[PDB]
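Reading through the structure tokens given below for one structure.
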Amino acid sequence: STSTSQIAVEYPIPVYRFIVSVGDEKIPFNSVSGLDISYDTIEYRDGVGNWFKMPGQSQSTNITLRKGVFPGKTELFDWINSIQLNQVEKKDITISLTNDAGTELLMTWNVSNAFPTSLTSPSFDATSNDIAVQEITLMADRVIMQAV
Amino acid sequence: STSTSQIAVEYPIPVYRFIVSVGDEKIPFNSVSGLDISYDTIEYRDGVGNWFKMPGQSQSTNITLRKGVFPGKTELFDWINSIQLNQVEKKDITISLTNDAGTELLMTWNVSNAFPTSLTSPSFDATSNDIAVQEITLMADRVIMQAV
Amino acid sequence: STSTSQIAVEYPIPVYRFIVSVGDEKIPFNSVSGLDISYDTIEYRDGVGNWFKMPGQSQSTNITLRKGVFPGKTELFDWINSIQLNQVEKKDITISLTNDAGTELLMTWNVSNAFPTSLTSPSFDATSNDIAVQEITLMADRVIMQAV
Amino acid sequence: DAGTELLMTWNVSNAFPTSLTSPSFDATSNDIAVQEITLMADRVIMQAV
Amino acid sequence: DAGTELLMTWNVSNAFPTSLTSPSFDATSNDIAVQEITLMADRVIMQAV
Amino acid sequence: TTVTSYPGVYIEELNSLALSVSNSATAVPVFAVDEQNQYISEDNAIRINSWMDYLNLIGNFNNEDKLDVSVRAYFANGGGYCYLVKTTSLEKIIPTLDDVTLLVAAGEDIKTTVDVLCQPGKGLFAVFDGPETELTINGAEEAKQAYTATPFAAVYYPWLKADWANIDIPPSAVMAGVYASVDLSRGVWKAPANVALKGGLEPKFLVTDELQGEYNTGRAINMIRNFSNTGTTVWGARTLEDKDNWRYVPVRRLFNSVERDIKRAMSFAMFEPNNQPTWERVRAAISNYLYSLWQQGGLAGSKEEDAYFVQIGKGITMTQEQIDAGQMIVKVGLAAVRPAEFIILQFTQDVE
Amino acid sequence: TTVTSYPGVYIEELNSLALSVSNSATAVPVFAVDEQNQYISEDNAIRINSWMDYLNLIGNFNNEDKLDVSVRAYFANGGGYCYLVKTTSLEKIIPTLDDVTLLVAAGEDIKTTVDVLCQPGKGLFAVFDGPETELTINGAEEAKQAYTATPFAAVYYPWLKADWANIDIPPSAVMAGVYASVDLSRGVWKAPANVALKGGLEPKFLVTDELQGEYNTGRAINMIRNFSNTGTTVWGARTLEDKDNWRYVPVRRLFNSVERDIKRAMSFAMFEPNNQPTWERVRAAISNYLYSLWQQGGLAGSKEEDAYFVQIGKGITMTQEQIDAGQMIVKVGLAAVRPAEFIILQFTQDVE
């Protein structure tokens, strides 16, 4: 006999309900991938036997967002088309696990200074029953995870 | 109760209905692959701690078009056969997602200066129930995506 | 969330976009090398212990410009062919880092009185997939670096 | 990290520049324009903290 | 391992330092700051145990 | 000026001075202009992008004008674009202009307008002049009585003089350019003191160290004095507030700059639905900005959680009553760096 | 224009401006046109599908016309097809046209017609202009007295100006396009404020923040003012009603849009037998629509049963007497989202 407010505190969070917000816009995405912290390890070892292991230089964060093609809207493409030589508008991406008809966040990830590389066009295919989907890849720094 | 003009505005576009147009010709293709933007990333990192990430040098676009073998027609082969030393006729390829019996485009991709490398002959096979298909591979620049 | 005008002020400049201008002409080059200042050091040392280090005589500037072979044009060769005994036309070379489709310079180097030595012909090679390239070497004086 | 505290310190006296090296401009490279400056000096000393 | 017992021994006499080498500071490296010291000496002898 | 009929080239000979342009994101001054100035009109600000832009508005450079010699000293030190508002309509135009940060009196009485527009909410900092007369260590606490005790104001004493200027230059106009030159080279968090003046300036009155000790304490008057190795230089960073919170102009100008940048990030949250998915986007936008400012060294803290904190919430900051009214309350804290102002040397005769 | 005899191609050179077409389901404005307009006739609405459609009706674009510069600013911001009704026959044609939602005064006195056609039953919303004169914070409550206190109206103050337009543009004509651009990109429930104007617009009068505090309270005048990072932008969502029910234009325009869509679902129930199998089809048709609107985020409620309720019945809503008269009574309730209008930052000097 678990109460419905006990499940909100004790139970794990399902992945499939999430909100992605790219800058000031919020746009519906099919899937989000990557988005993990990582560290190189530095190892010193000298002759008397002691072995030092340290966290080292952080690694660059690479995120992949996947989204279907909608008939009026290309604002994933216009972001990657605006790249002149090294100047692009970087913007913050927030992923947020929500409840059904999300008025309440459960977890929140924050990405800083994300800019697009490698927008992937759909694979046109005459014998396929799929939607035209696009992956955009983002390079960024500082994934942080926020409670609620 | 979704109206049929609401589906034209809100719903995603299926991949299987598309028009490929190679230069002045338009020819029916079985599948189109590749056709994505990409960028190298330049990373500067100095001693005080700040880490600069930039979009860098663009990558070359490589497209793969697949097409069945028809009895009178070899004009994918005659394009790749006309390569003398570095001189080939480059032409623009446009992919375009359409409706049923296409009189109306929904999305449009444009490829500039595409020229053929690596025409692939069918694999003749006495125990196979397939059509003779051919892949042609194109190297090009500047994929752009146009709304409608 | 870096703005696109902040990147123009704070971020380092990528090397690959540059304009070379030889005299009144401007010609597209594949790579530019050398082009650095240098100084000999004079060291005095006497018996009481004090050691004087000084900047000394400047060194001659040697630049190497690399360029592919184009079918109608030999004006790197006609410059080095015009050397009669010690008389050659010296001209000023300016390198300039630019933006994409350069209407705006970011940095500028200036070379004075450059004249050609050692034009290098391409290495013809039946098993190579390369372009015919040529290096010209320039001896000059006074590299100066100008902001914007 | 975010340096408010030194761990080691080297000190160089009377350094003056020779041989500033300009970047190698290169149309097929994905690098930043970097410069090396070379300094001649005397008396490197190493200080704890 | 956890040395309470020597297996071989080398002995150097009258060693004095030349050429202490400072670490190469490098913003894109995952290494420890290391130093080499160089010693000039005489009479390396090798002792059993 | 010059009339061009044939293509050619033209080898006109004229003496006109040209100053290089600078772009400053953080310091946009507004020069108070006296009445009996025939060039600018009442009730509109004239944006002057460069010294050449100013030299098109007036025909000749005038040595006798207080406005002319103050604007040339401003652009020679490295100032960006500025506005020119007349002093009687000055209280109407500064609220219209959005990105104005500094308020500069170029030898003008703005003490009436500074009390009514410099508030804790608004981002205006107001540098103005010291008294033109050569003052004393003796009657020193009466000169500090003339100025208000607001934390948003700094007073720089000696009216500078130049060989090109006939009259003495007000020192606040050269300090609008020093503020822009400091923040571009080292940051807003760095104090504008011990910076040399790039123009041909030197103080009218040489100031003893014992006199500067009088004025630095209570309602502090920063002072520009000459050093033989540095030339002329600025030698103060203190505001007119003596309280330990807002004593220094790098701390007051950092908080003015941070809250203006947070203003722009809260601009996108305007007229969005007032629920939790907005508040976790408001907090994430501020937390990115204060982190990258801490990484530049702007905020003082060894640990990142010591430099700042942001708090939004329905239990924390805003009531259910206040949410229905339409309000959204955020709490931000910062930890600025203070400048080292005194250095005490102890010289011992025996080495041990 | 162009005469074509040979097949060929034609490389005519002419400067004509072309604007891209947009289809808007929710916002169909009606532009009030003054008399002494020789192009449209009395007592018929002229549907203008596009800017090219308008540019065929009139020969040249005229800078001096109030109607011309208002229609071009409407299509540049993203407006769909609109109607052109003359202002004296305006009260006869708007009841004829079914799908008209907005009523736009392009610099016209429609205060007589808005009182007689904007009713709680009819779905008309009426955006019109502020006063053309530069107003004051001082005589501010007299300017709100000129406008009626109806909840269906919004007033946008500064008459915009453009480089192509010789005269100043009425601000209501650019807001019919901003209404269509907001509802297509984010929905009718989103307020039309902090949206930049796509045409080359900027306000005639820069508006201080203290002046906007006067006009926002009682009979609210929304204001279009310039921000240095955003450009020109809309900065208000309030109607002319001060009551807490219909304070904001996203809540009033949501209820106008919902009841128009429910109008279409009750169109099929017309002249059907008045018994229970009809009423459970009327309720099911509304319950599908409000659920899919709640799933889009249009109605505010965590639980689906909190956002809306529909009630039909013989015991509940209609009498046995009213059924024999032919009436059918349904009760619908909604819970709209309110926009966050004020954001209060508290900056603390100590981090803890």
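Peptide A:136-148 has a mean of 3 when you count, residue by residue, the C-beta atoms of other protein chains within 10 Å of its C-beta.
Based on the alpha-carbon gyration tensor of chain F and its eigenvalue square roots a ≥ b ≥ c, which shape applies: rounded if a/c is under 1.5, prolate if not and a/b is larger than b/c, or oblate? If you can, show how the numbers build up before the last one.
Working: a/c = 1.79, a/b = 1.24, b/c = 1.44.
Here chain F falls in the oblate category.
Listed from fewest to most Cβ neighbours within 10 Å, the set G:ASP34, A:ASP46 follows the order A:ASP46, G:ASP34. Taking all C-alpha pairs of chain C, those more than 27 Å from each other amount to 41 percent.
If you look at the Cα atoms of the range C:8-55, you get an Rg and a Dmax of 20.8, 58 Å.
Only one residue of G:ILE312, G:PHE61, G:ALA105 has its Cα farthest out toward the positive end of the dipole of chain G, where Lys and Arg carry +1 and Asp and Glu -1 on Cβ, and that residue is G:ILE312. With neighbours defined as other Cβ atoms within 10 Å of a residue's Cβ, the residues C:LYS53, G:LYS66 order from fewest to most as C:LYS53, G:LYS66. Each peptide in E:20-28, A:71-79, B:5-13, G:248-256 gets a packing score, the mean of other Cβ atoms within 10 Å over its residues, and the list from highest to lowest is G:248-256, A:71-79, B:5-13, E:20-28. The dipole here belongs to the protein assembly as shown: it is taken about the Cα centre, uses +1 on the Cβ of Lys and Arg and -1 on the Cβ of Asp and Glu, and is about 1740 debye.
In loop segments of the range A:2-75 as defined by DSSP, the chymotrypsin sites (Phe, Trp or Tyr not before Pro) with at most 13 further C-beta atoms inside 10 Å of their C-beta are A:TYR16.
When the square roots of the Cα gyration tensor eigenvalues are ordered a ≥ b ≥ c, the ratio a/c for the range C:1-87 is 1.5 or more and a/b does not exceed b/c, which makes its shape oblate.
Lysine pair count for chain C with Cα-Cα distance under 26 Å and sequence separation of 8 or more or different chains is 8. Arranged from fewest to most other beta-carbon atoms within 10 Å of their beta carbon, F:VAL9, B:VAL148 become F:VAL9, B:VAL148. Counting Cβ atoms of other protein chains within 10 Å of each residue's Cβ and taking the mean over peptide C:39-47 gives 2.
Using the Cβ-Cβ distance between D:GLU5 and D:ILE45 with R0 = 22 Å, the FRET efficiency computed as 1/(1 + (r/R0)^6) comes to roughly 0.60.
Taking every residue in C:106-118 and counting other chain Cβ atoms within 10 Å of its Cβ, the average works out to 1. For the range F:259-352, the set of trypsin sites (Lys or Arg not before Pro) satisfying both a DSSP loop assignment and a count of at most 14 other C-beta atoms within 10 Å is given as F:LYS303, F:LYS314.
Strictly over 23 Å apart at the Cα level, which of F:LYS144/F:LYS243; F:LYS86/F:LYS263; G:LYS111/G:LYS331; G:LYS263/G:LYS303; G:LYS92/G:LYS161; F:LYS122/G:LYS198 would you flag in this model? Mind dumping the intermediate values first?
Values: F:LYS144/F:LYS243 16 Å; F:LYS86/F:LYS263 28 Å; G:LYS111/G:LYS331 32 Å; G:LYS263/G:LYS303 26 Å; G:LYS92/G:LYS161 32 Å; F:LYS122/G:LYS198 30 Å.
In this structure, F:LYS86/F:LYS263; G:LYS111/G:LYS331; G:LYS263/G:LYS303; G:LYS92/G:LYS161; F:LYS122/G:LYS198 lie more than 23 Å apart at Cα.
Between B:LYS91 and B:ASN113, B:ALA114, the built amide H atoms are under 5 Å apart, and every one of these is 5 or more places off in sequence or on another chain.
Rounded to whole numbers, the Karplus 3J(HN,Hα) couplings from phi for the range A:15-20 are 6, 6, 10, 8, 10, 10 Hz, using 6.51 cos²θ - 1.76 cosθ + 1.60 with θ = phi - 60°, and x at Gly and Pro.
No value in this document is a laboratory result; all are computed from the given coordinates. Cβ atoms come from the backbone with ideal geometry, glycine included; neighbour counts cover every protein chain shown.
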